[PDB]
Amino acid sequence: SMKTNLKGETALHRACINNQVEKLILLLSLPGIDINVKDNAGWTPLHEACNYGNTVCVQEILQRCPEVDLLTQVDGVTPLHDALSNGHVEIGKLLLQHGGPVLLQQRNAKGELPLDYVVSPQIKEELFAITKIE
């Protein structure tokens, strides 16, 4: 595996926390890189980009990693939970446009669905309307 800090965060995690898009693009081009790598608690780089609202980092992951797992979880918290709980609606739209409606069905350990964090009925409609249809 790659080098980690004390939290188990790799350079991929750090780029996604720090919004280092150019660094991220290089790292995503490395052979044998695992975009789904987990830190010590289990969070992925995609979780970090979604939690912090780093929309361009999310876009780059989704466009450069066909094998990214959008259902990875810690305590049931998926990337879409992370994004919507922190109000990052644009990231939520990107995730749903890539992953389809299975993302909307995931309950976290507290029994929350990702749309439970969206108060506006009209934002909920826009999120559903952009969701990939398979």
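Note that residue numbering begins at 1 and tracks the sequence as displayed.
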- Task: Would you tell me which stretch averages the higher CA B-factor in the PDB entry, 70-78 or 30-38?
- Result: 30-38
- Which has higher Cα B-factors on average according to the PDB entry: 117-125 or 8-16? 117-125
- Compare the CA B factors listed in the entry for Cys57, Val89, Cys65, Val102 and report the winner. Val89
- Item | Assigned third (lowest, middle, highest) for the C-alpha B factor of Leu84 | middle
- Message: Could you place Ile61 in the lowest, middle or highest third of its chain by Cα temperature factor, using the values in the record?
- Response: middle
- Consider only the C-alpha atoms of the modelled residues in this chain, order them by B-factor as the entry records it, and name the third containing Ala49: lowest, middle or highest. lowest
- Tertile call for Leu94 (CA temperature factor, within chain, third-based) is the middle
